[PDB]
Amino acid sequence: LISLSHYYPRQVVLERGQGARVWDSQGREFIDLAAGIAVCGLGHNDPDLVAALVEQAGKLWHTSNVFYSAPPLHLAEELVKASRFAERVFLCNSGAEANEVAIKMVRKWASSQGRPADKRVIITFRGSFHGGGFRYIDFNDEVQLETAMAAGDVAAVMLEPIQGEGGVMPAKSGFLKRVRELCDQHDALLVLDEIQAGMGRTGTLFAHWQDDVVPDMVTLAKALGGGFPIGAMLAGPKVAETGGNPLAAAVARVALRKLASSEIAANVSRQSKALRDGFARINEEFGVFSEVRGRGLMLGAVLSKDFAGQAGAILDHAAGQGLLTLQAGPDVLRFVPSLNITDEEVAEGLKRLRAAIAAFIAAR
């Protein structure tokens, strides 16, 4: 069944899910702490998500931008209101589409400001991977950002509040505030990529609320749809003066409402603490982690000196123990589970994680 990949990754074919459990094509049960890389915020087979998809599926899937339908219009209004900054939203099909629109919008805004072509530079950060016309500097380095903006050629700073792929590195205290302040001083836009950190995952619906900044643009991907293909670019007043389909929108309206709830934000803190406690117990036994970092349910367990580079090997042992989880570079285990993962699912996932690390050490 996996031999048809010569036409198209861990050699595991997934068949069905329920919450934070997934079963492969052979009936093996896995605890899922990856949630499709921070996508399935309500786990698999959420009753409200499936009901919404089924209900819209019997009505109308697609209009094109030539005609209107109601779910996208309501989602546009609900997402703009939820964001607490945006005036307009561009609905699209993926985070890649959203980030591309955000970049094009930076350029259109810059030219509308009278910036010549050599003064539309976008600063991005090493470890994040969006992006000529780009300038790469180190994350969390305010002195380096100040230097990089000194020439006046920068039109936007674009960043993730937490660098998911880059070791689950969160913005340090005050960092986004300093970016905001520097963007203001240099008349540049602040673009926040909330594709992984957004949709409730850090414990607030939008991650940057905890950084206490107001951005000019925010991008979102299919976490907005709880796993249904969608993306969005949210635009604040500076750039609003510069589409979607009913199937994705009907589902995203349910995802957006549930993922904004106090219940979800509650579980995020509860299970963040529970995972952090479990990592600490695992660490005291085996000395495998140097630190745990991140926010809410976007966590990175940093492997200790004696385990540098072993993330992939540990992931292999985790699959062998019935646990699906991620890495974030070769030195960090990344955990981005569904935001409604239960106590019992966390407990079993932690049990399997410990088994995996124990097996890795025993095999060395």
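When you see a residue number, it is the position in the sequence shown, counting from 1.
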Continuity check for residue 8 and residue 9, given as deposited residues lacking coordinates between them: 4 to 9
Residues with no coordinates between residue 94 and residue 95, taken from the deposited sequence as a class: none
Between 288-296 and 224-232 (mean CA B-factor, as deposited), the higher: 288-296
Stretch with the greater mean C-alpha B-factor as recorded in the entry, comparing 22-30 against 332-340: 22-30
Out of 99, 271, 210, 196, highest CA B-factor residue: 271
Selection from 132, 200, 170, 215 [criterion: highest C-alpha temperature factor in the record]: 132
Modelled-residue ranking by C-alpha temperature factor, third containing residue 161: lowest
Residue 44 by Cα B-factor - lowest, middle or highest third of the modelled chain: middle
Residue 145 by Cα B-factor - lowest, middle or highest third of the modelled chain: middle
Cα B factor band for residue 325 (lowest, middle or highest third within the chain): lowest
Ranked C-alpha temperature factor of residue 304 among modelled chain residues, by third: highest
